[PDB]
Amino acid sequence: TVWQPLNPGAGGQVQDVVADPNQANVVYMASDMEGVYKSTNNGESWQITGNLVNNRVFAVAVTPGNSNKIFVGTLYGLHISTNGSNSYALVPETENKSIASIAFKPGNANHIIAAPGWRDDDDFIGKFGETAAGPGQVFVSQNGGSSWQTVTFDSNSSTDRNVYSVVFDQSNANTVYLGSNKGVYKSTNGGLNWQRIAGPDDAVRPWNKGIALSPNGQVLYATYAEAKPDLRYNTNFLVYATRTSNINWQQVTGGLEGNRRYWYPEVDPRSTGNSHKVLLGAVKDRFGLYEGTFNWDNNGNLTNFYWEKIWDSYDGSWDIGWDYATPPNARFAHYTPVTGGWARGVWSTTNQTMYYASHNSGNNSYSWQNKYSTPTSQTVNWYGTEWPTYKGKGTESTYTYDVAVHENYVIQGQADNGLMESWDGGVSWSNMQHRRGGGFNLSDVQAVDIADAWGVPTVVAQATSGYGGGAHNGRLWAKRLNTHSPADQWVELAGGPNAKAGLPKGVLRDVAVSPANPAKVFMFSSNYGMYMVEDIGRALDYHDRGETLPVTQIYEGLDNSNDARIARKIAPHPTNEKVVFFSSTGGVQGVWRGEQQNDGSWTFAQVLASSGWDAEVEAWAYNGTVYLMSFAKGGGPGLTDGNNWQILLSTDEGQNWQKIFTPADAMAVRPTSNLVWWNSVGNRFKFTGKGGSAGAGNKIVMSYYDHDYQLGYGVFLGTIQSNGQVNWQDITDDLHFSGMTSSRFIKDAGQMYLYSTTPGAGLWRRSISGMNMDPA
Amino acid sequence: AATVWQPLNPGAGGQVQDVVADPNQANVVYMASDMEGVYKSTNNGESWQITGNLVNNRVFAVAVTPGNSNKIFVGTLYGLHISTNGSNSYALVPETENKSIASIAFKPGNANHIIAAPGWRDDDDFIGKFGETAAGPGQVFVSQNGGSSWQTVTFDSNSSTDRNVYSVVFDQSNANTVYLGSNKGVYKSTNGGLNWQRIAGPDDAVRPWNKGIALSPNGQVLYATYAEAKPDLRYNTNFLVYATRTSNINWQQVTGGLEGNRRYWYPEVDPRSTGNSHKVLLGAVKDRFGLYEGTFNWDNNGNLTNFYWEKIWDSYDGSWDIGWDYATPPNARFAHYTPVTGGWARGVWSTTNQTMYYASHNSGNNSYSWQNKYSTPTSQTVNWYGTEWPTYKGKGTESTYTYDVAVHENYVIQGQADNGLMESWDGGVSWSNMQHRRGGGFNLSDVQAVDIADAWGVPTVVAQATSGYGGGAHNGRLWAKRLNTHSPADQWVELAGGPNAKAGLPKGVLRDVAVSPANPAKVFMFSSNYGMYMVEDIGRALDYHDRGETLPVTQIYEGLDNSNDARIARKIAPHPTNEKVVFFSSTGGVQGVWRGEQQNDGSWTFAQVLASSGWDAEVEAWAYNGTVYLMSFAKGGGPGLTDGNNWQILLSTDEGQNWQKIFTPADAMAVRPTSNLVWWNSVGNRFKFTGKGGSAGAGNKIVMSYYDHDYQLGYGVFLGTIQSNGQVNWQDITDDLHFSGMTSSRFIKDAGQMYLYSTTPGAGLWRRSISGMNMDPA
Ligand SMILES: [Cl-]
Ligand SMILES: [Cl-]
Ligand SMILES: [Zn+2]
Ligand SMILES: [Zn+2]
Ligand SMILES: [Zn+2]
Ligand SMILES: [Zn+2]
Ligand SMILES: [Zn+2]
Ligand SMILES: [Zn+2]
């Protein structure tokens, strides 16, 4: 172990949790950014599995009778493992074909169906050139996955082809149904020829959103929806049942909440008779989880049915973990298998989490268990209630923008989850303080830093509302670390919807404290300009009186042809508080330098004609030399190399630059033999990044990453030698998701570390050896 | 050039002997300390600078030659020194070698006629350090050549009697007239000092000893104080003040208006009183009453028309800056008018005892404005006793006996004698000790040990702190200050000890208190002549204290047993990674390095592991690169290790089972040749290679300091580096540290740089940057 994770567990949208039918307590989890995790203790702890070509996983299936053979459906196609998920290989027939369901023929594990699909991730189906519209197809293997046949069930190239489920008749293994936006289809020869099943009301709601079939094969359950381009605005899915011997649908929503996106129904494999247990959650909607009971008679008539919430709002009966997400959005839900020694239970989620319910057949009760985070003995106070801090169970799937550390305190600023805070060095966390009174949540935190309020170390943060990275505005908050404990509180200083302190509403893509005067804080409001808090102690003095001290505007950026309009990273000068650098990503791009004059006025100018949306600049001092380091595209004549991002270095504050790292350097230090995905999607890979470069003392770090495909090439550490040259080494090591949004060199407990945040796998740190620092 | 050793002190803090104005240059003054030699200032005390190296640093007198401000005489316990470069360097006068001198006086009109008088002020407990005795013949060294040679003039033949001379004063109106004031009595010469004979005092039956004389500038009136002939000043408290004309010996007591029963001494006439009205300045030794100025109006027939005494300095009332040393009323143990030459204005130089103070004079008012000339107030305040007191940074002198130091972030504490808890919140620049004054006459003036503990995650100062002056600590008390804010708002609370044995901790002084590095909530302490005790968790002890309750300490070792037990600890060294193991250096009962090991049942077994000895012997235990080091600074050690009374550095890497010599006096003399010591040729034959402590170990670094407290001689500070083959290579790091004897040293990282913090038995706290140090990450 080299890279050390510091996360509270999970935190990203979970696609599925799949049980191994051959052995109780063995489960796999499909993440949308880090691939597949495995557990052999029913989710008490999770371990990463082998490397996939694409990490956006929609389906995992374990071969009945062979736990070593596992199939994984990803956005780029099907993978097969023959060593129990230790290693994976892309299946050539399905390359560039997103797969989201995998089903085995009952009694013949060599007969497999893998169906094109992508769950609700319509936003991502085009990342590799696919479209939602196309012929309706499935892939069928009859030799256990060595070869696959392409079967067409609909030939309309202009209609949505997403398949949501494939389900076999347990009582007649050659009968199989599929549920698709194309409709529900049936095959009586194992999936080689299909016929369409008419829906309950195809003129109005033709799209199927999942089917279920009773084990005796006699009853089909389905939900149906109107045709609309985006699930965001398609809210009412209705639930129906029909006998399969004569298609005649009846609506069976009596007892369900109205106007919900019910999907992926599923019959308990234990329902072998005329009473069927049907598990029903939904995409997006938060209502917990339903179990329905349908009592048919032997005439094929439904005597009665009833839906029961077996999971509901937070009420004290289950540990919600750190992710206070109530009611649960049960975006997947499965009964446990009847094989392998499994007990009867339910696997589900609150959306970003993993939950397992055990079942009491005496009183038909469910007991929900947190399978993503572990509470510690530390407590935080919020809503007048005490909540534990939580340490991860082995997974981490958060989009983390930035990180700051002071003594025992760590904060990572995340998308979706906002202010993620730790008071034990990053072992356990809580983000409860981001849920503010008045009904708004500080769910997007793009920058954090540590300032100085009259000698008291004070966290500063760009913290605003908005999910999925859709930050609403620039908004500056501060937390005085009086106790380095959960008792410390956040207060708002500037920005927000109310334009507090005269700070405009443009997002502060970075907030930076001056190392020379840590009371002074710089921030760049997107499309407005660069602003400054001269002394944060004075700003808090006004705040404590119920007043507000205005911020100072030091640069105006409102002209696209002449001004820098957006900044990604601000680098104050390490020793001169009247000089700052920033990387401009809007208007006139590149590294900009500003200098304050005696009358307090500033002059700004471009010092490197670079570009790139996530371009960074860093300035530090080491043994008498001030280094200026740019990670970006371009640079001008003699430096630009197409759209390749490069590391450029200057020792004279940006008047002269030297190219010290390129993609060719990266490939020589870390050959493409190290990348499982090079042969298949290397022709698409672009040498860019999400950020994550840093410099301190004699060390420099960077990471090549292409967010278009969630592909990370590697992490590279450079050592500045006594003569000026930089020698580079590969420090990727065991970091499996290596793209980086930010990196900082941080000394903790007398040892120098590299703290790095990732756009999908949270926070990691790594020991750095042989480092020299200036005494500071 | 530049500086290496960096002082961190509030200013002065030790008994001040004198402040002498340069008559040739206004605002030029010299200060006589008893352990730092002579300080100089050219801005009338706004800032002080060190001067040249003396052979002995107990200075009793300083005099600048009239007409040549570059020739300066300095009287010390070992004799007169002479500088010809304005105090930059000194040479010891050979005729006065081993002769304590406390008075130097020049002849008016001819500065080549000088008188140097044997003396030692009130330092009767120090006159014997180099073999001298208080009893002896009354004698005086006189020179007619400006200092080339000195002849010994005897004015009393009795060797049964005390010969201390207090003052020597010429007659400004006829330069060959001069008097001296001595425990012999008042003697007068019309010779310029070649023959003398005794003047009868006012009542030699009861009070034969004169404690200083003063002569009016016209030579016509003499003032004096006379004392009983009792040696110990603690039981001789009633000095009486008299006046006589010099035409007829006819003493008149002139105490009316003075406080009764005071040790009045060193009277002085304002050189401006050239007529028949005299202003007389009068302070005292020990007694605290401020400072008197007396006015004597004589008429030409020769009688005292009238006289009155007025307090020109008094109890603190807010009208003068008392500085950090809340010492009120002032004990004006010296007081001098400013000269009339050199452009000086009229003023008074004096002290509250450990300080330096200057008063300016308003003539159209007869008011004095007292100015703090030892420390500088900052803008930080300490709230105490309904008043907000500034913190104070030093003006260039430091004279405190400091036992120990502890640092956490911006907070620094010096544990001192006399001045108790000396605390800083800006890294040691400025200080306050006001919190040691607890009220009701209960002052924590002696703090022999400090450390930083951990109370539920909050760093917490722990201290042995008790009443008593001059190092006479009354008992052991454990105090704790939680550093909630690292600011003067943090407060001390007493956890255990005292005369009522709070928490079951007995009354013996906790000569050391040490926190376990493996578990910083656990604190060890050794109560002198009782044993070793433990606070298992200081947070839990504070939980009880905050409820108005007390959690008992734990006894882990009885030290009641003279022939079997260790009974006094000088330093406790808890094991760096195993909280069940503790070492300490025993300096009472069975001496040496002892090791205690906690067993399964919770009991402890202790045993001696080195047969060392020494009152200030130290032990240090630390870890570096997989080795646990145990280092002793002491004499002895047993067969193969003992070498007479020489202190040595012994090292062990197996918890004291086997030891090796790694530094000896021979190694020190090779690394730092005696060529570096100005005192070697005079008193080097007396120097013993001992120490007051100040050894330390951390990472690949070991430090020690050779120092003989019997003569206040420091040989040097030595730093050893642990090579990868296990051997230690030593270097001299004395550099500009002029007082280099040490009571404690700690290696401390501050803002990314390793520093050595060392406290000294007389010059406060100093720190030095340490290069090439490597630590285990922790
Ligand atoms: Cl219904
Ligand atoms: Cl001493
Ligand atoms: Zn998704
Ligand atoms: Zn940032
Ligand atoms: Zn004295
Ligand atoms: Zn100590
Ligand atoms: Zn308690
Ligand atoms: Zn005993």
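Residues numbered from 1 in each chain as written, not as in the entry; some residues may be left out. Chains lettered and ligands numbered in written order. Part of a larger assembly, values for the part shown. Heavy atoms only, no water.

Concerning the overall build of chain B
Worth spelling out the cut-off: A run of H or I in DSSP counts as a helix once it spans at least four residues, and a run of E counts as a strand once it spans at least two, with each numbered from the N terminus. Per-residue accessibility, obtained with a 1.4 Å probe over protein chains only, is compared with the maximum for each type, and a residue is labelled buried under 20%, exposed over 50%, and partly exposed between these values. The contact criterion used throughout is that any non-hydrogen atoms of two residues lie within 4.5 Å. Residue burial considers only the protein chains on display, and all accessible areas are found by Shrake-Rupley using a 1.4 Å probe.
When helices and strands are counted, chain B shows three helices and 57 strands. Counting across all 778 residues of chain B, residues that qualify as buried make up 61%. Within chain B, contacts between residues at least 6 apart in sequence are counted, and of these 51% link residues at least 24 apart. When the accessible surface of chain B is summed, it comes to about 27,500 Å², and 44% of that surface belongs to carbon and sulfur atoms.

Details of unusual backbone geometry
With an omega of -5°, the peptide bond running from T326 of chain A to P327 of chain A counts as cis. Examined against the element boundaries, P327 of chain A turns out to sit in the loop between strand 25 (302–311) and strand 26 (334–335). Geometrically, the link from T328 of chain B to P329 of chain B is a cis peptide bond, its omega value of -5° lying close to zero. Counting through the fold element by element, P329 of chain B comes out in the loop between strand 25 (303–313) and strand 26 (335–337).

Focus: the UniProt feature "binding site: Zn(2+) 1" (unreviewed entry) in chain A
Residue and element names in this part refer to chain A. We apply this condition: UniProt positions are given in the numbering used here, feature names are shortened, and annotations may be inferred rather than shown by experiment. Polar contacts, as counted here, are pairs of nitrogen or oxygen atoms within 3.5 Å of one another; within protein the pair requires one atom able to donate a hydrogen and one able to accept it, and residues that are adjacent in sequence qualify only if both atoms are side-chain atoms.
Summarizing the sequence annotation, UniProt attributes the feature "binding site: Zn(2+) 1" (unreviewed entry) to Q13 and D121 in the numbering used throughout. A compact arrangement is adopted by the annotated residues: their sequence extent is 109 residues, whereas the largest C-alpha distance between any two is 10.7 Å. By the element assignment, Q13 lies in the loop between strand 1 (4–5) and strand 2 (14–19). If near-sequence neighbours (up to four positions away) are discounted, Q13 is found in contact with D32, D120, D121, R331, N351 and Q352. Discounting chain neighbours no more than four positions away, the residues touching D121 are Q13, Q15, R56 and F58. At 3.1 Å, the side chain of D121 forms a polar contact with the side chain of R56.

Some thoughts on the packing of aromatic side chains
Residues and elements named next belong to chain A. Our working definition: Only rings of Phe, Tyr and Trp enter the pairing, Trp through its six-membered ring, and a pair is recorded when the two centres are within 6.5 Å. The plane angle decides the type: under 30 degrees is stacked, over 60 is edge-to-face, the rest tilted. Only when the NZ of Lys or the CZ of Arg is both within 6 Å of the ring centre and within 35 degrees of the ring normal is a charge said to sit over the ring.
Summed over all chains, the structure comprises 117 aromatic pairs over all chains. Here the aromatic residues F631, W645, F661, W677, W678, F685, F687, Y704, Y713, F716 and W728 are joined through ring pairs into a cluster of three or more. In this structure, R509 packs its charged tip against the face of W613, placed 3.7 Å from the ring centre.

As for the UniProt feature "binding site: Zn(2+) 4" (unreviewed entry) in chain A
Residues and elements named next belong to chain A. Under the feature "binding site: Zn(2+) 4" (unreviewed entry), the UniProt entry names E556, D559 and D563. Mapped onto the secondary structure, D559 falls in the loop between strand 44 (552–556) and strand 45 (564–572). Along the chain, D563 falls in the loop between strand 44 and strand 45. By relative accessible area, which is 15% here, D563 ends up buried. Discounting residues that sit within four places of it in the chain, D563 has contacts with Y555, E556, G557, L558, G586, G587, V588 and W592.

Side note on the UniProt feature "binding site: Zn(2+) 4" (unreviewed entry) in chain B
Residues and elements named next belong to chain B. The UniProt feature table records "binding site: Zn(2+) 4" (unreviewed entry) at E558, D561 and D565. Note that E558 resides in strand 43 (residues 554–558). In this structure, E558 is in contact with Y530, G531 and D565, ignoring residues within four places of it in sequence. Here the side chain of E558 touches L560 through a polar contact of 3.2 Å, landing on its backbone nitrogen. Residue placement: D565 occurs in the loop between strand 43 and strand 44 (566–574). If we ignore the near neighbours within four places in the chain, the residues touching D565 are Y557, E558, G559, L560, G588, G589, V590 and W594. There is a polar contact of 3.1 Å between the side chain of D565 and the backbone nitrogen of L560.

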